[PDB]
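Source file: model-v3.txt (compact mmCIF, C-alpha atoms and all ligand atoms)
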# COMPACT_ATOMS: atom_id res chain seq x y z
CA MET T 1 7.96 -1.86 -13.43
CA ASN T 2 8.92 -1.19 -9.88
CA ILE T 3 7.27 -0.61 -6.52
CA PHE T 4 7.07 3.18 -7.05
CA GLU T 5 5.50 2.87 -10.40
CA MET T 6 3.19 0.29 -9.08
CA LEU T 7 1.95 2.28 -6.11
CA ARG T 8 1.71 5.38 -8.32
CA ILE T 9 -0.80 3.46 -10.42
CA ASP T 10 -2.83 2.18 -7.49
CA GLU T 11 -2.88 5.41 -5.43
CA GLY T 12 -2.73 8.21 -8.02
CA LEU T 13 -1.24 11.66 -7.43
CA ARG T 14 -3.15 14.61 -5.97
CA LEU T 15 -1.63 17.85 -4.82
CA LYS T 16 -4.50 19.08 -2.85
CA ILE T 17 -6.09 17.52 0.29
CA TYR T 18 -8.62 14.81 -0.59
CA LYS T 19 -10.71 12.04 0.93
CA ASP T 20 -9.51 8.48 0.33
CA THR T 21 -11.91 5.51 -0.23
CA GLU T 22 -12.86 5.39 3.47
CA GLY T 23 -13.35 9.17 3.62
CA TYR T 24 -10.09 10.01 5.32
CA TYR T 25 -8.03 13.01 4.55
CA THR T 26 -4.97 12.20 2.43
CA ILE T 27 -2.77 14.00 0.04
CA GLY T 28 -0.11 13.23 -2.57
CA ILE T 29 0.37 9.56 -3.50
CA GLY T 30 -1.79 7.97 -0.92
CA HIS T 31 -0.30 9.73 2.13
CA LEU T 32 -2.89 9.54 4.98
CA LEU T 33 -2.98 12.73 6.97
CA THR T 34 -5.57 11.82 9.59
CA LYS T 35 -8.60 9.69 10.35
CA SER T 36 -10.32 12.69 11.87
CA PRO T 37 -13.35 14.34 10.31
CA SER T 38 -11.74 17.83 10.70
CA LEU T 39 -10.35 19.58 7.72
CA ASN T 40 -8.42 21.74 10.08
CA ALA T 41 -6.85 18.91 11.74
CA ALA T 42 -5.94 17.67 8.28
CA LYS T 43 -4.46 21.00 7.41
CA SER T 44 -2.47 21.00 10.59
CA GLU T 45 -1.06 17.57 9.93
CA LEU T 46 -0.09 18.62 6.44
CA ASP T 47 1.79 21.72 7.65
CA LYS T 48 3.58 19.72 10.17
CA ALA T 49 4.58 17.02 7.67
CA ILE T 50 5.88 19.40 5.02
CA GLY T 51 7.31 21.90 7.42
CA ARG T 52 5.56 24.94 5.99
CA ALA T 53 2.23 26.63 5.67
CA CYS T 54 0.71 24.83 2.79
CA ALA T 55 -2.80 26.00 2.99
CA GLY T 56 -3.97 22.41 1.86
CA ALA T 57 -1.73 22.13 -1.22
CA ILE T 58 1.74 20.80 -1.96
CA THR T 59 4.00 20.60 -4.89
CA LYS T 60 4.91 17.56 -6.93
CA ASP T 61 8.30 17.38 -5.30
CA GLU T 62 6.74 17.48 -1.93
CA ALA T 63 4.34 14.75 -2.85
CA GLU T 64 7.31 12.65 -3.99
CA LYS T 65 9.25 13.17 -0.91
CA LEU T 66 6.44 12.01 1.26
CA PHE T 67 6.14 8.96 -1.09
CA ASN T 68 9.78 8.09 -0.72
CA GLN T 69 9.40 8.29 3.05
CA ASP T 70 6.26 6.15 3.05
CA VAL T 71 7.70 3.43 0.86
CA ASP T 72 10.83 3.22 2.92
CA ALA T 73 8.78 3.05 6.10
CA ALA T 74 6.70 0.20 4.69
CA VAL T 75 9.75 -1.83 3.67
CA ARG T 76 11.37 -1.30 7.06
CA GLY T 77 8.14 -2.14 8.85
CA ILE T 78 7.99 -5.48 7.04
CA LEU T 79 11.63 -6.30 7.85
CA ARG T 80 11.13 -5.59 11.51
CA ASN T 81 7.89 -7.54 11.71
CA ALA T 82 8.25 -11.08 13.01
CA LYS T 83 5.33 -12.32 11.01
CA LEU T 84 6.08 -10.55 7.81
CA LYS T 85 9.75 -10.73 7.46
CA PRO T 86 10.07 -14.45 6.84
CA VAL T 87 7.44 -14.18 4.13
CA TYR T 88 9.08 -11.37 2.45
CA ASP T 89 12.36 -13.25 2.60
CA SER T 90 10.79 -16.27 0.98
CA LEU T 91 9.44 -14.42 -2.06
CA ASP T 92 10.80 -13.55 -5.52
CA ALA T 93 11.23 -9.85 -6.52
CA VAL T 94 7.83 -9.36 -8.17
CA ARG T 95 5.91 -10.81 -5.31
CA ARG T 96 7.82 -8.83 -2.75
CA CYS T 97 6.38 -5.73 -4.36
CA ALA T 98 2.85 -7.13 -3.88
CA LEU T 99 3.56 -7.56 -0.19
CA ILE T 100 4.88 -4.04 0.06
CA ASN T 101 1.70 -2.72 -1.69
CA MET T 102 -0.57 -4.19 0.95
CA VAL T 103 1.49 -2.88 3.83
CA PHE T 104 1.44 0.56 2.35
CA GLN T 105 -2.32 0.41 2.07
CA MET T 106 -3.30 -1.23 5.26
CA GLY T 107 -0.36 -1.18 7.52
CA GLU T 108 1.64 -3.92 9.02
CA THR T 109 -0.77 -5.04 11.67
CA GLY T 110 -3.49 -5.28 9.21
CA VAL T 111 -1.43 -7.33 6.88
CA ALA T 112 -0.06 -9.49 9.68
CA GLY T 113 -3.69 -10.40 10.30
CA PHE T 114 -3.93 -12.47 7.06
CA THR T 115 -2.49 -15.45 8.81
CA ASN T 116 -3.63 -18.12 6.46
CA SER T 117 -2.78 -16.20 3.27
CA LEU T 118 0.71 -15.53 4.70
CA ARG T 119 1.22 -19.18 5.39
CA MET T 120 0.15 -20.15 1.88
CA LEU T 121 2.47 -17.54 0.31
CA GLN T 122 5.28 -18.94 2.24
CA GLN T 123 4.55 -22.47 1.11
CA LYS T 124 4.27 -21.22 -2.49
CA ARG T 125 0.70 -22.39 -2.97
CA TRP T 126 -0.27 -19.44 -5.15
CA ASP T 127 -3.80 -20.29 -6.01
CA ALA T 128 -4.66 -21.13 -2.49
CA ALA T 129 -3.20 -17.83 -1.39
CA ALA T 130 -5.25 -15.95 -3.95
CA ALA T 131 -8.42 -17.48 -2.66
CA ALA T 132 -7.68 -16.80 0.89
CA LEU T 133 -6.87 -13.19 0.18
CA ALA T 134 -10.17 -12.75 -1.63
CA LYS T 135 -12.19 -13.54 1.37
CA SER T 136 -11.76 -10.20 3.05
CA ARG T 137 -13.18 -6.85 3.65
CA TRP T 138 -10.19 -5.51 1.69
CA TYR T 139 -11.20 -7.32 -1.44
CA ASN T 140 -14.89 -6.37 -1.11
CA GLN T 141 -14.12 -2.65 -0.48
CA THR T 142 -11.47 -2.10 -3.19
CA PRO T 143 -11.91 -4.93 -5.55
CA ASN T 144 -10.03 -3.67 -8.59
CA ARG T 145 -6.94 -2.85 -6.64
CA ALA T 146 -7.24 -6.03 -4.61
CA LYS T 147 -7.47 -8.01 -7.77
CA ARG T 148 -4.39 -6.37 -9.23
CA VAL T 149 -2.28 -7.31 -6.18
CA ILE T 150 -3.74 -10.80 -5.89
CA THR T 151 -2.96 -11.44 -9.51
CA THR T 152 0.62 -10.31 -9.01
CA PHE T 153 0.88 -12.75 -6.15
CA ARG T 154 -0.73 -15.45 -8.25
CA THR T 155 1.54 -15.17 -11.23
CA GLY T 156 4.68 -13.49 -10.12
CA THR T 157 4.54 -11.15 -13.12
CA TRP T 158 3.38 -7.56 -13.80
CA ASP T 159 0.65 -8.34 -16.19
CA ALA T 160 -1.98 -6.89 -13.98
CA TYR T 161 -0.30 -3.60 -14.26
CA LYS T 162 0.73 -3.52 -17.88
CL CL X 1 -5.88 -15.13 5.61
CL CL X 2 -15.78 -12.38 2.94
CL CL X 3 -10.48 -0.55 -6.26
Encoded form (structure tokens):
Amino acid sequence: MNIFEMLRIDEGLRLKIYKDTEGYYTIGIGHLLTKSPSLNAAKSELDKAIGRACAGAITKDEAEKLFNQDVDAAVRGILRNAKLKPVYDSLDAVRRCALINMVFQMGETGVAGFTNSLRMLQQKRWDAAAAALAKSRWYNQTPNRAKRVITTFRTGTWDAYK
């Protein structure tokens, strides 16, 4: 299993503009277009991201290209972040993927906000980290996905995804 396969499971794949769990316009494999209520605005962001007139739809290849860009951006955002980097550096390969998953979903700043959980991960207190992560809007809004990531952090294996 790898980060791509993992996020592909959590986010799905849709070739036509859709609303994510918070009602924002997204497309592809979890690629947020805009927070704005306007379908037009969405459509304009899409055209601008792809570089052509998509009329609200993209191809598979296009979806994948955006996904490669988003994953890379998330890894680089972690490595540049003073709060995240040291965590990431302290973790084993499976758990690094769990950290990347959260950044992809909520962004760096959001993740950097889980101060206590970050500190526990770093100290390798897995069960305490799991509990801290669970006490969040994140967990209450998207529980099944949250659980899958938290379990990965707890165990360091891919069972939650197999
Ligand atoms: Cl926390
Ligand atoms: Cl809570
Ligand atoms: Cl969920």
Residue T:89: which residues within 10 Å, counting all atoms listed in the file, same-chain residues fewer than 5 positions away excluded, as number ranges by chain?
T: 78-79, 84, 96, 122
Would you mind exporting the chosen residues as an mmCIF file, in the frame of the given file, restricted to C-alpha atoms?
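Okay, again13.cif is ready:
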data_model
loop_
_atom_site.group_PDB
_atom_site.id
_atom_site.type_symbol
_atom_site.label_atom_id
_atom_site.label_comp_id
_atom_site.auth_asym_id
_atom_site.auth_seq_id
_atom_site.Cartn_x
_atom_site.Cartn_y
_atom_site.Cartn_z
ATOM 1 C CA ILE T 78 7.990 -5.480 7.040
ATOM 2 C CA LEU T 79 11.630 -6.300 7.850
ATOM 3 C CA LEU T 84 6.080 -10.550 7.810
ATOM 4 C CA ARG T 96 7.820 -8.830 -2.750
ATOM 5 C CA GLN T 122 5.280 -18.940 2.240
#
Separation of atom CA of residue T:13 and atom CA of residue T:64, in Å?
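Atom-to-atom, atom CA of residue T:13 to atom CA of residue T:64, that is 9.3 Å.
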Between atom CA of residue T:35 and atom CA of residue T:135 - distance in Å to one decimal:
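Spanning atom CA of residue T:135 to atom CA of residue T:35 is a straight-line distance of 25.2 Å.
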Selection near residue T:132, 12 Å with all atoms listed in the file, sequence-local residues under 2 positions removed, as an mmCIF file with C-alpha atoms, in the frame of the given file:
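Resulting contents of selection.cif:
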data_model
loop_
_atom_site.group_PDB
_atom_site.id
_atom_site.type_symbol
_atom_site.label_atom_id
_atom_site.label_comp_id
_atom_site.auth_asym_id
_atom_site.auth_seq_id
_atom_site.Cartn_x
_atom_site.Cartn_y
_atom_site.Cartn_z
ATOM 1 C CA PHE T 114 -3.930 -12.470 7.060
ATOM 2 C CA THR T 115 -2.490 -15.450 8.810
ATOM 3 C CA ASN T 116 -3.630 -18.120 6.460
ATOM 4 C CA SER T 117 -2.780 -16.200 3.270
ATOM 5 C CA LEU T 118 0.710 -15.530 4.700
ATOM 6 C CA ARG T 119 1.220 -19.180 5.390
ATOM 7 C CA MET T 120 0.150 -20.150 1.880
ATOM 8 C CA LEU T 121 2.470 -17.540 0.310
ATOM 9 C CA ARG T 125 0.700 -22.390 -2.970
ATOM 10 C CA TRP T 126 -0.270 -19.440 -5.150
ATOM 11 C CA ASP T 127 -3.800 -20.290 -6.010
ATOM 12 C CA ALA T 128 -4.660 -21.130 -2.490
ATOM 13 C CA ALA T 129 -3.200 -17.830 -1.390
ATOM 14 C CA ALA T 130 -5.250 -15.950 -3.950
ATOM 15 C CA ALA T 134 -10.170 -12.750 -1.630
ATOM 16 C CA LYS T 135 -12.190 -13.540 1.370
ATOM 17 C CA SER T 136 -11.760 -10.200 3.050
ATOM 18 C CA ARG T 137 -13.180 -6.850 3.650
ATOM 19 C CA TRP T 138 -10.190 -5.510 1.690
ATOM 20 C CA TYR T 139 -11.200 -7.320 -1.440
ATOM 21 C CA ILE T 150 -3.740 -10.800 -5.890
ATOM 22 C CA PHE T 153 0.880 -12.750 -6.150
ATOM 23 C CA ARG T 154 -0.730 -15.450 -8.250
#
I'd like the contact shell of residue T:71 - 10 Å cut-off, all atoms listed in the file, skipping same-chain residues fewer than 5 positions apart - returned as a list in words.
residues 3, 4, 7, 66, 76, 77, 100, 101, 103 and 104 of chain T
